[PDB]
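Please read the structure below before turning to the comments.
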There are 2 protein chains.
Amino acid sequence: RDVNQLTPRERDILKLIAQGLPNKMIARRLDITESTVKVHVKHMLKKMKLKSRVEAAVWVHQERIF
Amino acid sequence: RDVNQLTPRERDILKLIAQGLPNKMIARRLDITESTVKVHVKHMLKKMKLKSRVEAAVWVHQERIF
DNA sequence: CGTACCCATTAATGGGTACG
DNA sequence: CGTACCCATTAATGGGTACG
């Protein structure tokens, strides 16, 4: 699990997920469509080998990433 | 937002959600049906004024509830 | 309280193509 | 890379009734 392997946008989304935001809120916060957020989300999830956004959030708080 | 306001089983579910498990896994870990797991999740979210299981997970880690 | 359904609806997952 | 859509599916939400 290496956070540096993600792209800037992917880290943007991961940070917001770790703050408990649903895809629609992330889209409004970053001012991009929900479609795009979802693309970043699945890319991040595949690269980090995480089963869901909840794992992503928990993982972020455990390894104190960001 | 007091964790003590929850029932024992509700805290069991919260703990497992904060460990990033989906309802189906929680059901197997607790040896109860997914149906019952969903009822506890639903009760817990309303009582704790959380909007999703992700907020529940982040909250637990931020306030170190457990 | 905990159990386990019923209902409907929305959110999220995970594969694809496309194009500056 | 980042954008934004296409597809289909599962996971999750949030009301309800029921019963030991």
Side-chain angles (χ1 to χ4, degrees):
Chain A
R1 221 84 80 190
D2 187 329
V3 68
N4 286 50
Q5 295 301 168
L6 301 180
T7 63
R9 256 315 196 217
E10 284 161 4
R11 279 188 290 279
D12 289 339
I13 276 68
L14 179 57
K15 285 175 178 172
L16 272 23
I17 281 177
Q19 281 159 54
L21 279 57
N23 296 336
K24 190 184 69 181
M25 283 306 173
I26 295 175
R28 293 167 175 176
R29 190 72 91 63
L30 302 186
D31 189 51
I32 55 180
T33 66
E34 196 178 316
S35 294
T36 296
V37 170
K38 285 172 174 171
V39 173
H40 291 309
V41 176
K42 69 185 183 188
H43 281 167
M44 180 277 282
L45 250 31
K46 179 181 172 67
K47 294 180 179 181
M48 298 294 219
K49 301 179 182 180
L50 296 166
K51 301 188 174 70
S52 74
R53 66 204 295 116
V54 184
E55 280 198 352
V58 170
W59 168 55
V60 167
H61 285 276
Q62 287 181 170
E63 268 54 52
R64 283 166 176 49
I65 308 169
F66 306 139
Chain B
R1 187 165 291 163
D2 169 61
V3 191
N4 298 153
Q5 170 188 170
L6 302 169
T7 64
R9 201 51 137 184
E10 263 150 38
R11 274 190 291 279
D12 286 351
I13 308 292
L14 215 205
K15 289 176 180 68
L16 299 186
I17 279 181
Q19 285 165 56
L21 300 178
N23 296 329
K24 193 179 310 307
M25 282 308 171
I26 294 174
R28 292 162 174 178
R29 194 74 92 61
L30 261 40
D31 192 48
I32 57 179
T33 67
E34 199 179 328
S35 292
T36 301
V37 170
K38 282 169 182 169
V39 173
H40 290 309
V41 173
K42 179 173 63 178
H43 286 167
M44 184 273 295
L45 293 179
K46 180 183 181 181
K47 292 166 66 169
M48 294 290 77
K49 297 184 181 184
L50 276 15
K51 306 169 179 177
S52 72
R53 64 199 299 112
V54 189
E55 294 210 331
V58 173
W59 170 57
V60 167
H61 282 75
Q62 296 195 307
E63 271 45 53
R64 296 166 52 66
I65 282 65
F66 302 121

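Convention: sequence-line order gives letters A, B, ...; per-chain numbering from 1. Worth knowing before you read on, the calculation uses all heavy atoms, side chains too, and leaves out hydrogens, waters and symmetry mates.
Within residues 12-23 of chain B, the residues having any heavy atom closer than 4.0 Å to DNA chain D are, in order of number, B:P22, B:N23. Near DNA chain D, meaning a heavy atom under 4.0 Å away, the residues from residues 26-41 of chain A are A:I32, A:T33, A:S35, A:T36, A:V39, A:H40.
Heavy-atom distances to DNA chain C give each of B:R9 and A:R53 a nearest nucleotide, and the one nearer the 5′ end belongs to B:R9.
The NZ-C1' distance, from A:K51 to D:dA12, rounds to 18 Å in whole Å. If you take CE of A:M25 and P of D:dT13, they are 15 Å apart, rounded to a whole angstrom. Rounded to an integer number of Å, the gap from CG of A:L45 to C1' of C:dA12 is 10 Å. Between the NE2 atom of A:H43 and the P atom of C:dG14 there is a distance of 12 Å, rounded to whole Å. The CD atom of B:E10 sits 6 Å away from the P atom of C:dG2 (whole-angstrom rounding). In this structure, A:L50 places its CG atom 11 Å from P of C:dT13, rounding to the nearest Å. Atom pair B:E55:CD and D:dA12:P shows a separation of 16 Å (rounding to whole Å applied). Rounded to an integer number of Å, the gap from CG of A:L6 to P of D:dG2 is 10 Å.
Note that the CD1 atom of A:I13 and the NE2 atom of A:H40 stand 5.0 Å from one another [nearest 0.5 Å]. The NZ atom of A:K15 sits 5.5 Å away from atom CZ of A:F66, with the distance rounded to the nearest 0.5 Å. For the atom pair A:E55 CD and A:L45 CG, the distance stands at 8.0 Å (nearest 0.5 Å). Between the CD atom of A:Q5 and the CZ atom of A:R11 there is a distance of 9.0 Å, given to the nearest 0.5 Å.
Only one option out of A:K47, A:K49, A:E63 pairs with A:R1 in a side chain to side chain contact (heavy atoms under 4.5 Å, CB included); it is A:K49. With A:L16 as the partner, the side chain to side chain contact (heavy atoms under 4.5 Å, CB included) test is satisfied by one option alone out of A:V37, A:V41, A:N23, A:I26: A:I26.
Crowding of A:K51 atom NZ: a count of heavy atoms from other residues, nucleotides or ligands under 6.0 Å not exceeding 12.
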Residues B:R53, B:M44; criterion side-chain contact (heavy atoms from CB on, under 4.5 Å); working and verdict: CA-CA 9 Å; B:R53 64 199 299 112; B:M44 184 273 295; 5.8 Å; no
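Here C:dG15 counts as north. Its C1'-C2'-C3'-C4' torsion is positive.
Side-chain to base pairing of B:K42 with D:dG15: one donor and one acceptor N or O lie within less than 3.5 Å of each other.
Note on A:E34 versus A:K24: no salt bridge recorded, every NZ/NE/NH1/NH2 to OD/OE distance being 4.0 Å or above.
Nucleotide C:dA11 has D:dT10 as its partner under the Watson-Crick or G-U criteria, with both atom distances under 3.5 Å. Pairing for D:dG16 is with C:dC5, a Watson-Crick or G-U wobble pair whose two hydrogen-bonding atom distances lie under 3.5 Å.
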